Amino acid sequence: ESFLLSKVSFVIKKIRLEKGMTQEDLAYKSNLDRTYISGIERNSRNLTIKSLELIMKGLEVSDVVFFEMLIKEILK
Amino acid sequence: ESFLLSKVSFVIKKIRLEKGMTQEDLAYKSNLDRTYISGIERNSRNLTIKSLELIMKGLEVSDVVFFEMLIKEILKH
Amino acid sequence: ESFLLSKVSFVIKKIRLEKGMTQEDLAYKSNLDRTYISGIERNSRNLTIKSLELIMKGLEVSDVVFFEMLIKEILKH
Amino acid sequence: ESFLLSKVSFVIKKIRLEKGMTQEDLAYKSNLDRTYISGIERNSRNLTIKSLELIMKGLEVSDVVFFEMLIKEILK
DNA sequence: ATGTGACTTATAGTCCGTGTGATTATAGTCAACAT
DNA sequence: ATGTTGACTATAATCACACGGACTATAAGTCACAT
């Protein structure tokens, strides 16, 4: 697997939780598949930017906040 | 098309020129086709995080540094 | 345009495919531009004996056997 | 300089002589410059196929006969 | 609720080639004077 | 006759790039069945 990919996924999971969402609800909100999301969170998926963008919409988080977070997460 | 993509697209080119690289050099070190590097910069193609990671390694730049410039380009007017 | 040129350009391609090479290998091995190899085959282009020699070295072929295949191509109907 | 380019030039000179032609006449017959011809024969020019072709027409020699000769000259 | 697996279908990514403006090196062509 | 030296100017040859079609790998999106 990839280092970045795991932290993207970790971040996605982090934010979903800090907000109190279920996967079911992140899937609904972003108009994507729930198993799709589960896959990403166990990090069994290699998103495209577009997909990442949809997940950010679903999380209701701007690109900037996401990347600010991803950076922080990246530095152990 | 996509907001984030053209930003990612823009930043890949910006860095590449800042480092005096050519598409040929880049696609070189990213072990992607020079067609793909062109494709990305040209028509903001929808790359995968893994591919983006390869390009970062190609640009001889870190995850962090890239995303910090990404944030800057998004914030601009 | 020129009789001999399209014969030369035909034979460069023939050999290139016979040896299972691609254009951009040959462009490397011949120590000439990517687009020049294309341009020679694609249209014809008016190359120099020195450049022709480089290509022959690149096709991994001798002056002699090149010209022998050149003669054969000229002689065709 | 180049081996091939030398043998080419030598051949051009050879054929010119076996036909009893002067350079002046070889240049008239192919409409090129006499100093141009001179230059090739003293191996100071790297001609293009197009030019080579004009010289063959000026020598009144077919492409095939030229290369047949060029091959033989190439083999010592 | 979340996590599998496995199975299509869209598309990301590859591979080989075409065609092009802009710049640099050099062949094409023609002087003057040689011998 | 041929040789040589500068020249000017056409174009060979370079360099960075765009663009397309066809093919291969894989992400996108949806089932069934776990827990």
GNM, chain A, Cα, under 10 Å: largest mean-square fluctuation among A:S38, A:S30, A:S62?
A:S62
How about chain B: which GluC sites (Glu not before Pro) there lie in a loop by DSSP and see at most 14 other Cβ atoms within 10 Å?
B:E1, B:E60
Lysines whose Cα lies under 20 Å from that of D:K29, excluding same-chain neighbours fewer than 8 positions away
D:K13, D:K14, D:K19, D:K50, D:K57
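For chain C, with only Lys/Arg (+1) and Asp/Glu (-1) charged at the beta-carbon, what is the dipole magnitude about the Cα centre, in debye rounded to 20? It would help to have the intermediate numbers written out before the result.
Working: 13 positive and 11 negative charges, 27 e Å.
Rounded to the nearest 20 debye, it is 120 debye.
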Reachable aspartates and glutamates from C:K76, Cα under 18 Å, same-chain residues fewer than 8 places away excluded?
C:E68, D:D63, D:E68
So, counting K/R as plus one and D/E as minus one, what does the shell of residues with Cβ under 14 Å around D:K57 add up to?
0
Project the alpha carbons of chain D onto their principal axes and report the range along each, largest first, in whole Å.
31, 24, 21
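One-quarter of the Cα convex hull surface for chain C, in nm²? Walk me through the numbers before you get to the answer.
Working: hull surface 18.9 nm².
So the Cα hull casts an average projection of 4.7 nm².
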Out of C:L32, C:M56, C:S2 - ranked by how far each Cα lies towards the positive end of the dipole of chain C, with unit charges on the beta-carbon of charged residues - the top one is C:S2
So the angle from the long Cα axis of helix B:3-18 to the longest Cα principal axis of chain B, reported in degrees to the nearest 10, equals 50 degrees
Hydrodynamic calc, the protein assembly as shown: Kirkwood Rh from Cα pairs, then Stokes-Einstein at 4 °C with viscosity 1.567 mPa s, so D in µm² s⁻¹ is 54 µm²/s
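If you keep only loop residues by DSSP, which trypsin sites (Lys or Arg not before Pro) in chain C have at most 14 other Cβ atoms within 10 Å of their Cβ? Display every interim value, and only then the final one.
Details: sites: C:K7, C:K13, C:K14, C:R16, C:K19, C:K29, C:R34, C:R42, C:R45, C:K50, C:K57, C:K72, C:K76; in loops: C:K19, C:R45, C:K76.
Sparse-neighbourhood loop trypsin sites (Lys or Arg not before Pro): C:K19, C:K76.
Please check chain A for the longest run free of GluC sites (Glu not before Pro) that are loop-located per DSSP (anything but H, G, I, E, B) and have at most 13 other Cβ atoms within 10 Å. Intermediate results must be reported in sequence, preceding the final value.
On the way: sites that count: A:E1, A:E60.
With a cap of 13 other Cβ atoms within 10 Å, the longest stretch comes to A:2-59.
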Nearest 10 degrees, 0 to 90: what angle lies between the long axis of helix C:63-74 and the longest principal axis of chain C (Cα atoms)?
50 degrees
Cα centroid separation, the range D:8-51 to the range B:1-58 (Å)
53 Å
Could you name the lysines whose alpha carbon sits less than 22 Å from that of B:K29, not counting residues in the same chain fewer than 8 places away?
B:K7, B:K13, B:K14, B:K19, B:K50, B:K57, C:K29
Helix B:34-43: inclination vs chain B longest Cα principal axis, degrees, rounded to 10, gives 20 degrees
How far is it, in nm, from the label point at A:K72 to the one at B:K19 when both lie 7 Å from their Cα along the line to the Cβ?
2.8 nm
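Bear in mind that the values in this text are calculations on the coordinates, not laboratory data. Reconstructed Cβ throughout: ideal geometry from the backbone, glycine too, with neighbour counts over all protein chains shown.
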